[PDB]
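Here's the structure, in structure tokens; my notes come after.
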Amino acid sequence: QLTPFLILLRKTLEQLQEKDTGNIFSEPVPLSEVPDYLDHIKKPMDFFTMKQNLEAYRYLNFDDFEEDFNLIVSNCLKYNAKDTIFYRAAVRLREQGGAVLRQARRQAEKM
Ligand SMILES: CCc1ccc(S(=O)(=O)Nc2cc3c(cc2OC)n(C)c(=O)n3C)cc1
């Protein structure tokens, strides 16, 4: 059965994906194209992996959800040079996504 909290996480995940207009963060960074990625990044994350986590009841709280979103952004800032589309997109996502999360955390607190 559905819970209000899990419904809120689903809603919030959709709102975050809407902010990623180019679908830069929809799926894992492809190791075939970026063969040194795991040399630098210890815990890859992306929205499809978050959707999998959400549906396996691994976000028992909001914190753990926000932490995975923040990894999407921090991994991208860490890996990519500043003068890239990826780095700029992660800065934009940090800005827009942070605002989605702040509002969503307020709703979570009422539960
Ligand atoms: C902007 C043109 C471009 C898109 C995808 C690629 S990719 O085939 O290398 N895929 C890819 C790489 C990513 C990436 C996302 C990618 O596919 C969308 N992110 C978030 C990231 O940090 N890296 C290094 C390369 C260039």
Side-chain angles (χ1 to χ4, degrees):
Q1 63 185 228
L2 301 165
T3 65
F5 179 70
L6 296 175
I7 290 289
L8 174 67
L9 292 192
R10 291 179 183 270
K11 180 183 180 175
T12 305
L13 183 58
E14 294 188 1
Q15 292 176 321
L16 294 167
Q17 294 216 245
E18 288 166 37
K19 304 299 194 184
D20 175 26
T21 56
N23 297 340
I24 300 311
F25 303 103
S26 300
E27 290 177 341
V29 170
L31 304 177
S32 51
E33 299 300 335
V34 194
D36 71 345
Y37 192 71
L38 302 183
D39 301 347
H40 295 94
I41 298 310
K42 264 57 260 192
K43 172 66 166 319
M45 191 53 54
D46 65 279
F47 295 127
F48 180 80
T49 302
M50 287 186 70
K51 179 163 49 90
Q52 306 203 286
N53 290 336
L54 189 174
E55 296 181 332
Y57 312 77
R58 312 217 187 90
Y59 301 127
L60 30 145
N61 55 61
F62 194 83
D63 276 352
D64 287 348
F65 180 87
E66 172 183 83
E67 175 178 306
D68 271 351
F69 168 74
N70 285 334
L71 218 39
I72 293 175
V73 172
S74 66
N75 286 342
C76 184
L77 300 173
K78 174 179 180 185
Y79 182 77
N80 296 282
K82 297 188 78 180
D83 189 13
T84 61
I85 295 277
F86 304 127
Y87 190 104
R88 291 189 283 278
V91 172
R92 196 189 51 192
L93 189 58
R94 185 178 66 203
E95 292 161 358
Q96 302 192 304
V100 170
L101 290 163
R102 206 161 81 150
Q103 181 176 55
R105 172 181 293 289
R106 287 177 226 143
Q107 301 296 323
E109 282 307 318
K110 297 153 67 202
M111 303 166 193

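Order of listing sets the numbers, starting from 1, for every ligand and every atom in it. For the single chain, residues carry numbers from 1 onward in sequence order.
The distance from ligand 1 to the heavy atoms of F25 drops below 4.0 Å at these ligand atoms: 20 (C). Listed by number with element, the atoms of ligand 1 under 4.0 Å from a non-hydrogen atom of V34 are 9 (O), 12 (C). Every atom of ligand 1 with a heavy atom of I24 under 4.0 Å away is listed here by number and element: 15 (C), 18 (C), 20 (C). Within the listing of ligand 1, atoms 24 (C) sit less than 4.0 angstrom from a heavy atom of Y79.
At the top of the distance list for atom 22 (O) of ligand 1, counting protein heavy atoms only, stands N80 ND2, 2.9 Å. From the protein, the heavy atom lying nearest to atom 8 (O) of ligand 1 is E33 CG, 3.2 Å. In terms of protein heavy atoms, atom 26 (C) of ligand 1 is closest to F86 CZ, 3.8 Å.
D39 and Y79 share no donor-acceptor pair across their side chains, judged by distance under 3.5 Å alone.
A salt bridge links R10 with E55: the distance from a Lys NZ or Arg NE/NH1/NH2 to an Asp or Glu carboxylate oxygen falls below 4.0 Å. For the pair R105 and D63, the salt-bridge criterion is met [side-chain N within less than 4.0 Å of a carboxylate O].
Within the 4.0 angstrom cut-off, atom 6 (C) of ligand 1 has one or more protein heavy-atom neighbours.
From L16, atom CG reaches atom CE of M50 across 6.5 Å, with rounding to the nearest 0.5 Å. Between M45 atom CE and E67 atom CD the span is 9.0 Å, to the nearest 0.5 Å.
In this structure the side chain of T49 reaches within 4.5 angstrom of the side chain of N53, judged on heavy atoms.
Of all the heavy atoms of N75, none lies under 4.0 Å from any atom of ligand 1, so neither backbone nor side chain is involved. Only the side chain of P30 comes within 4.0 Å of ligand 1, counting heavy atoms alone; its backbone N, CA, C and O stay farther away. If you look at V29 next to ligand 1, the close heavy atoms, those under 4.0 Å, all belong to the side chain.
Using cut-offs of 30° and 60° on the angle between ring planes, the pair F25 and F47 is perpendicular.
Residue-environment remark: CG (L60) exceeds the threshold of 12 foreign heavy atoms within 6.0 Å.
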